[PDB]
Amino acid sequence: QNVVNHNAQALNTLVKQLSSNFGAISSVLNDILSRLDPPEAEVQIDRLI
Amino acid sequence: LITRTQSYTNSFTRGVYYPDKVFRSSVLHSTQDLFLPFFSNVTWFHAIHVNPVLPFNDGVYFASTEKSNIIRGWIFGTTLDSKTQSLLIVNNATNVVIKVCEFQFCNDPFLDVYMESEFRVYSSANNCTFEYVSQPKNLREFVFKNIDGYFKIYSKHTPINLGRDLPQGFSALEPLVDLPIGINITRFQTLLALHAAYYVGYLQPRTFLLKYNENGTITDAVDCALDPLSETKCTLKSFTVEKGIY
Amino acid sequence: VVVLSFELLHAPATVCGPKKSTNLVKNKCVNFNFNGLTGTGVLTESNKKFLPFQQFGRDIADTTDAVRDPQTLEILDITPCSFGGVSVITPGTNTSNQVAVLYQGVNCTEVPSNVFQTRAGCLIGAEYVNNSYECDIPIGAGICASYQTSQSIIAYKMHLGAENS
Amino acid sequence: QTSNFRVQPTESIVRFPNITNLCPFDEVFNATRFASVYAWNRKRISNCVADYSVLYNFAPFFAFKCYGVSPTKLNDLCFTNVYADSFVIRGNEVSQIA
Ligand SMILES: *[C@@H]1O[C@H](CO)[C@@H](O[C@@H]2O[C@H](CO)[C@@H](O)[C@H](O)[C@H]2NC(C)=O)[C@H](O)[C@H]1NC(C)=O
Ligand SMILES: *[C@@H]1O[C@H](CO)[C@@H](O)[C@H](O)[C@H]1NC(C)=O
């Protein structure tokens, strides 16, 4: 059972980092595209990447 | 002429409300918000007619068990003067009216019944910004909060048995209304109708662990900062813990 | 003469213009915007029952999976659109230029000739015989493929070994 | 393993609640008599939905100029409140209102 649990846990962590700002304006990328100008959008995209 | 007397009593894990509008099914969820801490000391007021104002900070929990028609509403403000905006809520048998204006409130306001007149609540009204009208033993609980220019009210009505007020059990408060008023609240007062006892508590920042059943209703909660045992339940994200060291 | 003055003060914005809504379409992979909730997927009829004040539902992984329609107060299930890996099976260019294609984890009816449904996915370009052999090219869940007679790609079940008593 | 496959979307759907509780622009544009310049009127409009398209029924023909905004992208914006000042002047003083 232990082995199974470990694997499951890992997957959840990999999902949870998706919903994180990581020091950017927001976690959602489409909003950053819509609201912001190409100069300032690039740094946010690179930070998320 | 109304005289008020104070005593103290215990919360007994009351004041839980839905913090979101998200449906969840058979899940334990951890939230961080303004809550009334478990087993806290709340004030019991006895008003008799044969009354200074109260502070408002980070929201208020209000409870009553009167047989209605005595308590009608509340006054919220920061100076209760003509120079600042104030909010007023009055209930009758037919409707509810919420108004924000520049009132000149009287000391010790009350509704006069002979027709219900409001010449003993304020004297002048001046500029009015927002108005709203809607629909109107037993225990009635309300939670009042004010964040980012929105005034939120949650409510709940519960038929209680025995003779004890604030009984033991769990009951969550559904959202009642949200008002975009954008004013400042620091003090509040209760209104009476003349031809009363109530409970007051204060909210604090706190993290809670809530349990949702399969129908989407909150059935139980855990306060993290109460005991060492309740903190383990929140680190483990579970309501039961097995023997060991954590 | 009428003069209109627009003011953006520090308060919630309570004077907005109308927001028009289009029709509702189901059983298709579409982009959707439900009252500000933006996403994409397939919307199907739901059997869930929200509380009167709840607007959308989230999963244990904190992903939106149900939504309430703002005009007709029904519940809809949101489903992600199909995706998967594409693998190519060949006998080696020294033997033939024919190939078969595996679509991992999708039904053969989802917008993908000999077609066959396996546990691993949809197999296109192979013939499914019955009699078994030793495994040559593993596919998954006991299915293997080979180049046999004219000559063509065939799929079969793995054979463990000769029976003895 | 060579390629990746994903089905693409084919349509766009937007859903919002019903439109109701319209702002009272008709009262301002059509009334009994407009005020007298020195004593003009100011009406506060808030907590409603404003559609700046029904205006043309009440005859905005002689002049229609919009500083700071765009006559088309008006109902695409949100404001805390809007005021309407209406009066009567002579046909030669319109240029002075700017
Ligand atoms: C929004 O408007 C639509 C009509 O344009 C409403 O749909 C009708 O609602 C009435 C309610 O009395 C029903 O009797 C009709 O059968 C409905 N017709 C259709 C075509 O749906 C809709 O109810 C309105 N939205 C809300 C929240 O009431
Ligand atoms: C297995 O044999 C049966 C005959 O009983 C046949 O119907 C079936 O198609 C065979 N399976 C194959 C060819 O994959």
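Convention: sequence-line order gives letters A, B, ...; per-chain numbering from 1. The analysis underlying the following values was restricted to heavy atoms, covering all of them including side chains, and did not include hydrogens, waters or symmetry mates. Both counts, for ligands and for their atoms, begin at 1 and track the order of listing.
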TODO: Establish, yes or no, whether the cationic atom of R15(D) lies under 6.0 Å from the six-membered ring centre of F34(C) and within 45° of the ring axis.
DONE: no

TODO: Kindly say whether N138(B) contributes a backbone atom to a donor-acceptor pair with the side chain of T65(B) at under 3.5 angstrom?
DONE: yes

- [ ] Considering only non-hydrogen protein atoms, determine which one is nearest to atom 28 (O) of ligand 1 and report residue, atom name and distance to 0.1 Å.
- [x] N18(D) ND2, 4.5 Å

Open item on the list: Checking contacts now, so for atom 15 (C) of ligand 1, which I'm interested in, is there any protein heavy atom under 4.0 Å?
Closed with: no

Open item on the list: Does the plane of the ring in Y17(B) sit parallel, tilted or perpendicular to the ring in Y154(B)? Use 30° and 60° as the thresholds.
Closed with: tilted

Open item on the list: Are the side chains of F32(C) and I78(C) in contact, using a 4.5 Å heavy-atom criterion?
Closed with: yes

TODO: Would you verify that at least one protein heavy atom lies under 4.0 Å from atom 24 (C) of ligand 1, or report that none does?
DONE: yes

TODO: Flag yes if more than 12 heavy atoms outside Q1(D) fall under 6.0 Å of its CD atom; otherwise flag no.
DONE: yes

Open item on the list: Quick test of your reading of the model: are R140(B) and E66(B) salt-bridged, counting only N-O distances below 4.0 Å?
Closed with: no

TODO: Please report which non-hydrogen protein atom sits nearest to atom 27 (C) of ligand 1, along with the residue it belongs to and the distance in Å to one decimal place.
DONE: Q71(C) O, 3.5 Å

- [ ] Decide, yes or no, whether a salt bridge links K152(B) with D178(B) under the criterion of side-chain N to carboxylate O below 4.0 Å.
- [x] yes

Open item on the list: Within the 4.5 Å heavy-atom criterion, are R14(B) and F170(B) side-chain neighbours or not?
Closed with: no

Task: Contact check, side chains of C144(C) and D136(C), non-hydrogen atoms, under 4.5 Å - done: no

- [ ] Kindly state if atom 2 (O) of ligand 1 has a protein heavy atom within a strict 4.0 Å cut-off, that is, under 4.0 Å?
- [x] yes

N/O to N/O under 3.5 Å, ligand 2 against protein:
| from | atom 1 | to | atom 2 | distance (Å) |
| --- | --- | --- | --- | --- |
| ligand 2 | 2 (O) | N130(C) | ND2 | 2.4 |
| ligand 2 | 11 (N) | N130(C) | ND2 | 3.0 |
| ligand 2 | 14 (O) | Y128(C) | O | 3.2 |
| ligand 2 | 14 (O) | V129(C) | O | 3.1 |

TODO: Could you tell me whether atom 11 (C) of ligand 1 has a protein heavy atom closer than 4.0 Å?
DONE: no

